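Each chain, written out:
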Amino acid sequence: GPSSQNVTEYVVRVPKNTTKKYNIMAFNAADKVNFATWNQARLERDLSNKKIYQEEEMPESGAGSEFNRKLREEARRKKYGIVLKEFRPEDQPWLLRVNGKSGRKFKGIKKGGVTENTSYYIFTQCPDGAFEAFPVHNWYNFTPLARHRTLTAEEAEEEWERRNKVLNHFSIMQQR
Amino acid sequence: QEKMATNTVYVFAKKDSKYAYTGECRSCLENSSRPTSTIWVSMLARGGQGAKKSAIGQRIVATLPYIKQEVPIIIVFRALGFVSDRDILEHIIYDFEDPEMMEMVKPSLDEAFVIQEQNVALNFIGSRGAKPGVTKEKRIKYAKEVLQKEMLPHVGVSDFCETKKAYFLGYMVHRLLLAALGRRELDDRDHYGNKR
Amino acid sequence: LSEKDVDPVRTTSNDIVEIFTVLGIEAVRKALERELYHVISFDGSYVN
Amino acid sequence: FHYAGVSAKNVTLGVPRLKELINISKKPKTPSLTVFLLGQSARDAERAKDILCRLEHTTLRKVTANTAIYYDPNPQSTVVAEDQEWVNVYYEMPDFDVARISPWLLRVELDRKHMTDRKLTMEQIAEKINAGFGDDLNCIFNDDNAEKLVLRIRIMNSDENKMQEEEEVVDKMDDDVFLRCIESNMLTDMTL
Amino acid sequence: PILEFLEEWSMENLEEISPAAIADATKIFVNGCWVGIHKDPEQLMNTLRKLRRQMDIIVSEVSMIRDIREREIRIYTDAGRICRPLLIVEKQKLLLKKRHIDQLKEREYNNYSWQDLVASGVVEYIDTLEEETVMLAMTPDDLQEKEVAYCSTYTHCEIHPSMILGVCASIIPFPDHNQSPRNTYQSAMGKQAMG
Amino acid sequence: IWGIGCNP
Amino acid sequence: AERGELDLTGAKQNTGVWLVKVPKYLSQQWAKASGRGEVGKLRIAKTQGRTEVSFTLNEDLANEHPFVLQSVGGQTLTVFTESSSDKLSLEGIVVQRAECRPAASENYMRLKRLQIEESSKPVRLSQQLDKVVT
Amino acid sequence: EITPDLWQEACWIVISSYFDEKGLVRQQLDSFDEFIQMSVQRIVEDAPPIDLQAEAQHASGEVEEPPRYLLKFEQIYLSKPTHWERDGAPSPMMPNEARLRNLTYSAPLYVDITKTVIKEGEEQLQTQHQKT
Amino acid sequence: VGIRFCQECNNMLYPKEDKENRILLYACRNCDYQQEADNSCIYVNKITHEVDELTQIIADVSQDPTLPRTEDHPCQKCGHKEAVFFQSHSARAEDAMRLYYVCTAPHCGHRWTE
Ligand SMILES: [Zn+2]
Ligand SMILES: [Zn+2]
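A. Main features of the coordination of the zinc ion (ligand 2). Residues and elements named next belong to chain I. Binding of the zinc ion (ligand 2) to the protein goes through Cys-75 (SG), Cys-78 (SG), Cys-103 (SG) and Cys-108 (SG), at separations of 2.3 Å. Coordination at the zinc ion (ligand 2) comes from four donor atoms whose angles at the metal span 105 to 117 degrees, giving a geometry best classed as tetrahedral. All donors to the zinc ion (ligand 2) come from one chain, and their sequence spacing reads C-x2-C-x24-C-x4-C. This pair shows no difference in class: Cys-103 is buried, exactly as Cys-108 is.

Right, dumping it as structure tokens:
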């Protein structure tokens, strides 16, 4: 039939600007990602700066230095280090939470290696029958986090002190 | 002045050291700046005997720069963000079909089975770090900085290069495991290929 | 030396400390003389 | 470097040996011992071989071809096809079965070349293992006629029962981990 | 430039690599950084060597090493690597031919020099690491010519074996007829001579 | 320089 | 329905998309005008048991690009877009990967050398000065 | 065009070409040339720009009122070896004069520096200092 | 023998015995998934480690210029005369000077030891 010798040729279109930027979402094959159960999802910038960058300067900042003491306090903190960095969301990883808290959580990180000598484009079918190419603004590799009980850091330190766990570890996990 | 080559992985065997095989890599930031920082991946000898120690046998440890105490390797991989055991082994062992290498990796996985959180691993690295750590938040950020810059600089120093560092660390471990199995010969310090 | 069919009289170890713990100080005098004579005379050289 | 092959032994000579004797080092670089045979053992090479065997340290690891830890719920089940015959023979008149049978099994294959070179006996090895671990280990040994020498080891039947009403949920090493530790200890320090 | 070329020549980057695929492909290290893997190693190695011999993208000092048993290709652009020039052998025939030595012989008023020899691809610089992958012939005519088969795959040839000696040992006449410690002692004494 | 039993 | 919700309609429709790695000269030629709505034509010819993919450069643009396919079974890829209205959406799942390679072999190295020289222009070197500055 | 049994002449012709083009001490000279030509300039460019600002001077409203001074080094220049006399008149320094008079054979090193002043006056001025 | 990773958590499965059913179960400590073990072997250690190096040899080594090559030993699979021959090249190979021949010629990739 015609399938054994079909020749398909389509026009290529590259619009100058698109309202929505195009990115790449890559999942590892072993993760067995399935979209049938993806009833809902939440993709947002991370807040890990809570732990290591911001609102960590909450209490000492609003303690209440004033007057000459205020001037000295601000100048002293600034000159002590090199002005702590705050939230600049566009340069931070992405957090994905599928089906709320019940479903799996993935973390996407921008591909550090830039494509100074390469570009990536995506071809999508359209009713007009011409391929459309959109540049890849960013590449993200998402990796899942198990929805299992997580050891507390303090408890983890206590357990690690007993590095020689002669007793079965599985029972220890059950106890936690 | 002759020096040992930088940005390369060399595996040696030291009899006196408790580690049966030690693999060292001295990394420089493309010779542009900073002193050369050496990161050692070592395998403890099976000579040490205990009910748990003999069962685990050889256990891999890593001497990260500016961390006083030896850190189990699985913990380092989790600190880079690869939490899952399968993914860590994917980086360390390139072909899962071979049983012997997986057997070598199993004890180190068991040693680090307590820590399953990236943040917890970072905190542990900071806590055992030589520089003092006041709080958990400070320790985590400090250890993250150490991993980002001090360890394996030539692979990357910024720009979210954790995957590259993970692959190169896994290569170091892969070479150490191959040396322990005997599939690759231990490197020779006198070879003038190594002596820039 | 205790094992059967091993000559207790002539069996000797090269370690002088073992000779001291097992056989005594005079035995070590003789054994140390023997070992030093061996190292000196291996090349054929002679010392009185 | 320039000794001779006549010695057929590692020998420290020259300046390093002089330093060892002078400093009276506790550990010589090459400790050595010359054994002179008393009587007929000196005359006959075979008797000398017997004395050699008596004087040379031999462990299970030297004579063991390979070790495998299996899980067999029923000894009669004989998960390994080969051991079916001798396990059935032993359990025709089972010993220590009344206490219990431990499900985890340690199976050790001994190289015949090494076994005959050191002139060890399967019954002898079984006795030594039984004495070393008391009744905590139960050993089953093949006949020498069998092409493959097999030694089957299980945890203590009394220990498997625990012989205790309370039973203690401590469950140290369960049984598999304990069996691995036993294997390592046997290989390293059997001193057959 | 080498990294750019490697990206052109079908080298998958580590970031884009599926972890399973690494096992069956060679790893490409440039200055000690694992850039990526290549599915077909020999074609890439030949292309890199061609580029170096034409001095297009890869400079002459850059050294490419392929460890066939370990599935690793290492390219070093680092400084401080010690290198010696060697003639190149294709098939069993030296690439250096009479036309080249005729041009060199009239080195004056022909502006043909060692750089022209390097650019022509007749000679190449080889460091020790690459020396481990190179079959060399001490003397061209003797070893290249067919005889009782020892090696039929010579890849490089020594320009002259006397160039192994240094500046002070080169003044020794008939060095091969002396005891080695005596050559070593003459190297020291020659520094202290008067002239 | 002679042999293994002699000198180097 | 919220700000962080991801429009998975593309996944539900199982829209298939193709990912291609293309060189900088082609992308820069496209970016030169980038507003004419046309850069070339993609021609795919299929035979009994073999398929070939090629791209022709537009004649105006120039003043053959064979495509090599890559297996996508080792990694699952999807494309998602962040709308300017803060409405994230999924366009489709990647079902095929391809690479675009230059046709010229040697003369293409000339253009590569020109690109290398252009990239080396910002590199600054120490300058020799004949007369000491007063 | 093979060279059979004429090899003794040919090998020494190619060796002579090597030694004519590249001297015996080429390694030291080439390394130093790389240092001066590339490494010095790269070290200058690699250094981070100097950022300076006042410590809340004048205790006023201080809405970023302290000026910001930014310095960026560029375009390093080297002169030929020069010896300045007691009179202060520059003059070229020949090597033998350096040996006889115990002088040091050195060359002046000059850098272009760009200084930008940001006083939050809505105007930034980028003065350039040439060959410092 | 082989190590199996759980689907649910992508972590290593450790052996466990169900007392009620006397059935071996590979269960992760982190997650509750349990899997019946078909192999029924937990740990295997080969002290002799008499493992053939024929599997480890790569067919690519035929391309090496430095390896010696013999035309005396023909290839069994295809009959190509040339065959590079090299020794064990392995640490912990005990004492073996066997030559592990590898057939040359493209795509044969045959490794035999005589
Ligand atoms: Zn699981
Ligand atoms: Zn064949």
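Next comes the rest of the write-up.
B. Spotlight on the environment of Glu9(H). Mapped onto the elements of the fold, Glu9(H) is located in helix α1 (residues 7-21). Sequence spacing of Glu9(H) and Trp84(H) is 75 residues, and the spatial spacing of their C-alpha atoms is 53 Å.

C. Region of interest: helix α3 (residues 85-92) of chain B. With eight of its eight residues buried, α3(B) lies for the most part within the structure. Restricting attention to buried positions, one finds in α3(B) the residues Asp85(B), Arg86(B), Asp87(B), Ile88(B), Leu89(B), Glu90(B), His91(B) and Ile92(B). In this structure, the buried residues of α3(B) make contact with β2 (21-28) of chain A together with α2 (73-79), α4 (99-111) and α7 (162-181) of chain B. The opening residue of α3(B), the one whose side-chain oxygen lies 3.3 Å from the backbone nitrogen of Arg86(B), is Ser84(B).

D. View of the sheet that holds strand β5 (residues 149-155) of chain D. Pairing in this open sheet of five strands is antiparallel, and the strands run β4(D)-β5(D)-β3(D)-β2(D)-β4(I) from one edge to the other. Because the sheet does not close on itself, it has two edges, and the strands there are β4 (137-141) of chain D together with β4 (41-45) of chain I. Strand-to-strand twist of the sheet, defined as the mean angle between neighbouring strand axes without regard to direction, takes the value 20 degrees. Relative to β5(D), strand β3 (residues 104-110) of chain D runs antiparallel, the two sharing six bridges. The residue of β5(D) that forms the bridge with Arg107(D) is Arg152(D).

E. Examining the sheet that holds strand β1 (residues 14-18) of chain I more closely. All names here are of chain I. Spatial strand order, β1-β2-β3: three strands in an open sheet with antiparallel pairing. One side of each edge strand has no neighbouring strand; the edge strands of this open sheet are β1 and β3 (34-36). Each adjacent strand pair in this sheet contributes to an overall mean axis angle of 40 degrees, direction not counted. Note: strand β2 (residues 23-27) against β3, three bridges, orientation antiparallel. If you follow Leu-25 over to β3, its bridge partner there is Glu-36.

F. Broad picture of the pairing of strand β3 (residues 41-45) of chain A. Residue and element names in this part refer to chain A. Alternating positions in β3 separate cleanly, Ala-41, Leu-43 and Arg-45 being buried on one face and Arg-42 and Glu-44 remaining unburied on the opposite face. Relative to strand β4 (residues 94-98), β3 is paired through five bridges, and the arrangement is antiparallel. When the bridges of β4 are listed, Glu-44 appears paired with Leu-95.

G. Fine view of unusual backbone geometry. Residues other than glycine seldom take positive phi values, yet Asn99(A) does so here, at roughly 55 degrees. Structurally, the position occupied by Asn99(A) is in the loop between β4 and β5 (105-110). In this structure, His49(I) is a non-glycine residue whose phi angle is positive, near 45 degrees. If you trace the backbone, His49(I) turns up in the loop between β4 and β5 (69-70). Under the relative-accessibility criterion, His49(I) is labelled partly exposed at 36%.

H. Just the interface of chain G and chain A, in detail. Counting from both sides, the interface comprises 50 residues of chain G and, opposite them, 51 residues of chain A. Measuring nitrogen to oxygen at the nearest pair gives 3.1 Å for the salt bridge that ties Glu2(G) to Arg42(A). Inspection of the chain G/chain A interface yields 20 residue pairs in polar contact. Elements represented by at least two residues in the side of chain G that touches chain A include exactly α1 (9-13), β1 (16-22), α2 (24-33), β2 (40-46), β5 (75-82) and β6 (88-100) of chain G. It is β5(G) that provides the largest number of residues to the side of chain G that touches chain A, a total of eight residues. Classifying every residue of the side of chain G that touches chain A gives 21 nonpolar, 17 polar and twelve charged.

Conventions we followed
Residues numbered from 1 in each chain as written, not as in the entry; some residues may be left out. Chains lettered and ligands numbered in written order. Part of a larger assembly, values for the part shown. Heavy atoms only, no water. Donors = N, O, S within 2.8 Å, 3.2 Å for Na, K, Ca; no water. Tetrahedral: all angles 85-135°; square planar, octahedral: opposite > 155°, others 65-115°. Buried < 20%, exposed > 50% of the residue type's maximum accessible area, 1.4 Å probe, protein only. Helix = DSSP H or I, 4+ residues; strand = E, 2+ residues; numbered from the N terminus. Contact = heavy atoms within 4.5 Å. Polar contact = N/O pair within 3.5 Å; in protein donor to acceptor, adjacent residues only side chain to side chain. Pairing = 2+ DSSP bridges. Axes fitted to C-alpha atoms, helices over the stretch in contact; angles between N-to-C directions. Salt bridge = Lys/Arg side-chain N within 4 Å of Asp/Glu carboxyl O. Nonpolar A, V, L, I, M, F, W, Y, C, P; charged D, E, K, R; others polar.

Taken by themselves, the reported measurements are silent on function.
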